[PDB]
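*Asks:* Sharing upload.cif, mmCIF, N, CA and C atoms:
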```cif
data_data
#
loop_
_atom_site.label_atom_id
_atom_site.label_comp_id
_atom_site.auth_asym_id
_atom_site.auth_seq_id
_atom_site.Cartn_x
_atom_site.Cartn_y
_atom_site.Cartn_z
N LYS A 1 113.44 75.64 100.92
CA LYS A 1 113.81 75.99 99.52
C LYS A 1 114.35 74.78 98.80
N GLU A 2 114.71 74.97 97.53
CA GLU A 2 115.26 73.89 96.74
C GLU A 2 116.37 74.37 95.83
N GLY A 3 117.11 73.44 95.26
CA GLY A 3 118.19 73.80 94.37
C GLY A 3 119.19 72.68 94.24
N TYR A 4 120.32 72.97 93.59
CA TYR A 4 121.37 71.97 93.42
C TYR A 4 122.26 71.88 94.64
N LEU A 5 122.61 70.65 95.00
CA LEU A 5 123.54 70.44 96.08
C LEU A 5 124.86 70.94 95.55
N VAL A 6 125.63 71.57 96.42
CA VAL A 6 126.93 72.07 96.04
C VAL A 6 127.93 71.54 97.05
N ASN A 7 129.07 71.07 96.56
CA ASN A 7 130.12 70.56 97.43
C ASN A 7 130.77 71.77 98.06
N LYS A 8 130.75 71.85 99.38
CA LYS A 8 131.31 72.99 100.10
C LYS A 8 132.79 73.27 99.88
N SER A 9 133.56 72.26 99.48
CA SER A 9 135.00 72.47 99.27
C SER A 9 135.39 72.88 97.87
N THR A 10 134.67 72.38 96.87
CA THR A 10 134.98 72.71 95.47
C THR A 10 134.02 73.75 94.90
N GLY A 11 132.80 73.77 95.42
CA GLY A 11 131.81 74.70 94.92
C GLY A 11 131.10 74.11 93.71
N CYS A 12 131.36 72.84 93.42
CA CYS A 12 130.76 72.17 92.28
C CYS A 12 129.54 71.36 92.65
N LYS A 13 128.70 71.11 91.66
CA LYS A 13 127.50 70.33 91.86
C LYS A 13 127.85 68.85 91.93
N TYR A 14 126.92 68.07 92.46
CA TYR A 14 127.10 66.63 92.58
C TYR A 14 126.51 66.07 91.30
N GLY A 15 127.31 65.31 90.56
CA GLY A 15 126.84 64.73 89.32
C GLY A 15 126.05 63.44 89.44
N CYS A 16 125.18 63.19 88.46
CA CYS A 16 124.36 61.98 88.43
C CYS A 16 123.98 61.66 86.99
N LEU A 17 124.09 60.38 86.64
CA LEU A 17 123.82 59.91 85.29
C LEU A 17 122.35 59.55 85.07
N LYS A 18 121.80 58.76 85.98
CA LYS A 18 120.41 58.34 85.90
C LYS A 18 119.51 59.53 86.22
N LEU A 19 118.79 60.01 85.21
CA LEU A 19 117.90 61.15 85.38
C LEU A 19 116.59 60.76 86.05
N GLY A 20 115.82 61.75 86.49
CA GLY A 20 114.55 61.49 87.16
C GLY A 20 114.72 61.00 88.58
N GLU A 21 113.99 59.94 88.94
CA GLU A 21 114.08 59.36 90.28
C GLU A 21 115.49 58.83 90.45
N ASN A 22 116.18 59.34 91.46
CA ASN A 22 117.55 58.96 91.72
C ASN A 22 117.81 58.80 93.22
N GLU A 23 117.88 57.54 93.66
CA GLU A 23 118.13 57.21 95.06
C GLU A 23 119.48 57.75 95.49
N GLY A 24 120.36 58.02 94.53
CA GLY A 24 121.68 58.56 94.84
C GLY A 24 121.55 59.99 95.35
N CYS A 25 120.81 60.80 94.61
CA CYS A 25 120.56 62.20 94.97
C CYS A 25 119.64 62.29 96.18
N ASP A 26 118.67 61.39 96.26
CA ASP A 26 117.73 61.39 97.38
C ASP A 26 118.51 61.20 98.66
N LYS A 27 119.44 60.24 98.65
CA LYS A 27 120.27 59.94 99.82
C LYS A 27 121.14 61.14 100.23
N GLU A 28 121.86 61.72 99.28
CA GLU A 28 122.73 62.87 99.54
C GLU A 28 121.94 64.06 100.03
N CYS A 29 120.76 64.28 99.43
CA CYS A 29 119.88 65.39 99.79
C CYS A 29 119.33 65.22 101.19
N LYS A 30 119.12 63.97 101.60
CA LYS A 30 118.57 63.66 102.92
C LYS A 30 119.59 63.63 104.04
N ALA A 31 120.87 63.58 103.69
CA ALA A 31 121.94 63.55 104.69
C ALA A 31 121.69 64.67 105.68
N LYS A 32 121.93 64.38 106.96
CA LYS A 32 121.70 65.34 108.03
C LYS A 32 122.46 66.65 107.88
N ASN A 33 123.62 66.63 107.22
CA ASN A 33 124.37 67.87 107.02
C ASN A 33 123.71 68.72 105.93
N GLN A 34 122.85 68.10 105.11
CA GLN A 34 122.14 68.83 104.07
C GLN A 34 120.76 69.17 104.61
N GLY A 35 120.11 68.17 105.21
CA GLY A 35 118.79 68.34 105.79
C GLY A 35 117.60 68.48 104.85
N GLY A 36 117.70 67.93 103.64
CA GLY A 36 116.60 68.03 102.69
C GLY A 36 115.54 66.97 102.90
N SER A 37 114.41 67.12 102.22
CA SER A 37 113.32 66.15 102.35
C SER A 37 113.21 65.16 101.20
N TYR A 38 113.71 65.55 100.03
CA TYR A 38 113.64 64.68 98.86
C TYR A 38 114.62 65.14 97.78
N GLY A 39 115.24 64.17 97.12
CA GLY A 39 116.19 64.49 96.07
C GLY A 39 116.05 63.62 94.83
N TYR A 40 116.45 64.20 93.70
CA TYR A 40 116.41 63.54 92.41
C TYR A 40 117.39 64.21 91.44
N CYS A 41 117.80 63.47 90.42
CA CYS A 41 118.73 63.97 89.42
C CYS A 41 118.05 64.81 88.34
N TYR A 42 118.56 66.02 88.12
CA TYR A 42 118.01 66.94 87.12
C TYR A 42 119.10 67.66 86.35
N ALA A 43 119.16 67.38 85.05
CA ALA A 43 120.15 67.97 84.16
C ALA A 43 121.53 67.49 84.57
N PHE A 44 121.62 66.22 84.96
CA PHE A 44 122.87 65.60 85.38
C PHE A 44 123.50 66.20 86.63
N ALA A 45 122.67 66.62 87.57
CA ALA A 45 123.13 67.20 88.82
C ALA A 45 122.05 66.99 89.89
N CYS A 46 122.45 66.61 91.10
CA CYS A 46 121.49 66.36 92.18
C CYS A 46 120.72 67.59 92.66
N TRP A 47 119.40 67.52 92.56
CA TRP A 47 118.50 68.59 92.98
C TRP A 47 117.88 68.18 94.32
N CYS A 48 117.78 69.11 95.25
CA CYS A 48 117.24 68.82 96.58
C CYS A 48 116.11 69.77 96.97
N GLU A 49 115.00 69.22 97.44
CA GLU A 49 113.89 70.06 97.89
C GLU A 49 113.76 69.97 99.41
N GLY A 50 113.03 70.91 99.98
CA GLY A 50 112.84 70.92 101.42
C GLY A 50 114.09 71.26 102.21
N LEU A 51 115.05 71.94 101.57
CA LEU A 51 116.28 72.32 102.25
C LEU A 51 116.02 73.48 103.16
N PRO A 52 116.70 73.51 104.32
CA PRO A 52 116.56 74.61 105.28
C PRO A 52 117.36 75.81 104.76
N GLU A 53 116.94 77.02 105.14
CA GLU A 53 117.62 78.26 104.71
C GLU A 53 119.12 78.18 104.93
N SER A 54 119.50 77.55 106.04
CA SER A 54 120.90 77.37 106.43
C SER A 54 121.74 76.49 105.51
N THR A 55 121.10 75.69 104.65
CA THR A 55 121.87 74.86 103.73
C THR A 55 122.11 75.59 102.40
N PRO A 56 123.39 75.74 102.00
CA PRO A 56 123.70 76.41 100.74
C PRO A 56 123.33 75.59 99.51
N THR A 57 123.05 76.29 98.42
CA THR A 57 122.74 75.64 97.15
C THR A 57 123.70 76.22 96.12
N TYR A 58 123.84 75.56 94.98
CA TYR A 58 124.73 76.06 93.95
C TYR A 58 124.18 77.40 93.48
N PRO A 59 125.04 78.42 93.32
CA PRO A 59 126.49 78.41 93.55
C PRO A 59 126.90 79.01 94.89
N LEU A 60 128.13 78.71 95.32
CA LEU A 60 128.65 79.25 96.57
C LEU A 60 129.10 80.68 96.24
N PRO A 61 128.71 81.64 97.08
CA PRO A 61 129.04 83.04 96.88
C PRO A 61 130.54 83.35 96.78
N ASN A 62 131.37 82.43 97.25
CA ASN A 62 132.81 82.66 97.23
C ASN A 62 133.62 81.46 96.79
N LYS A 63 132.96 80.48 96.19
CA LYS A 63 133.67 79.30 95.74
C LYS A 63 133.08 78.89 94.40
N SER A 64 133.74 79.38 93.36
CA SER A 64 133.33 79.16 91.99
C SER A 64 133.70 77.81 91.39
N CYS A 65 132.87 77.37 90.45
CA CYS A 65 133.09 76.12 89.76
C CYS A 65 132.54 76.29 88.34
N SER A 66 132.55 77.54 87.88
CA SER A 66 132.06 77.91 86.56
C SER A 66 132.83 79.13 86.09
#
```
Can you turn what I pasted into structure tokens?
*Replies:*
Amino acid sequence: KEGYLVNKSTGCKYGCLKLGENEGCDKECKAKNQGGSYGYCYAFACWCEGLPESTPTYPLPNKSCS
């Protein structure tokens, strides 16, 4: 699946300024604790594709940031 990376402690998305291709989001999305295949910045927040079912995406069911 895909979606926004969410910080497990705050429940907030990871921000990014450079839109489109973003090595910053790609790196975070690829981290072994996330397990994604590719990442990029979308609407000023890191989007991750190829995430395993086990990896949560924004929003956290019990940790609000909105």
*Asks:* For region 7-17 of chain A, list every protein, DNA or RNA residue within 6.5 Å, evaluated using all atoms listed in the file, and leave out those in the same chain fewer than 2 positions away; present the list as a list in words.
*Replies:*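 Listing them by chain and then by number gives residues 4, 5, 19, 41, 44, 45, 46, 59, 60, 63, 64 and 65 of chain A.
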*Asks:* From a DSSP pass on the backbone, collect the residues of chain A flagged as alpha helix (DSSP H) and hand them back as a ChimeraX atom specification.
*Replies:* /A:23-30
*Asks:* What separation in Å, quoted to one decimal, exists between CA of residue 22 (chain A) and CA of residue 40 (chain A)?
*Replies:*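 Distance between the two atoms: 4.8 Å.
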*Asks:* Compile the contact shell of residue 2 (chain A) as a list in words: residues with an atom at most 7 Å away, counting all atoms listed in the file, same-chain residues fewer than 4 positions apart removed.
*Replies:*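 Listed by chain and then number, they are residues 47, 48, 49, 50, 51 and 57 of chain A.
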*Asks:* Can you list, as a list in words, the residues that the PyMOL selection byres ((chain A and resi 53-56) around 6) selects here?
*Replies:*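 This file gives the following for the PyMOL selection byres ((chain A and resi 53-56) around 6): residues 1, 6, 34, 51, 52, 57 and 58 of chain A.
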*Asks:* What parts of chain A does DSSP call strand (DSSP E or B)? I'd like the answer as a list in words.
*Replies:* residues 3, 4, 6, 13, 15, 20, 38, 39, 40, 41, 45, 46, 47, 48, 49, 60 and 63 of chain A
*Asks:* When you draw a straight line from atom C of residue 26 (chain A) to atom N of residue 38 (chain A), how long is it in Å?
*Replies:*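 Atom-to-atom, atom C of residue 26 (chain A) and atom N of residue 38 (chain A) are spaced 6.6 Å apart.
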*Asks:* What is the distance, in Å and to one decimal place, between CA of residue 62 (chain A) and atom C of residue 25 (chain A)?
*Replies:* 24.3 Å
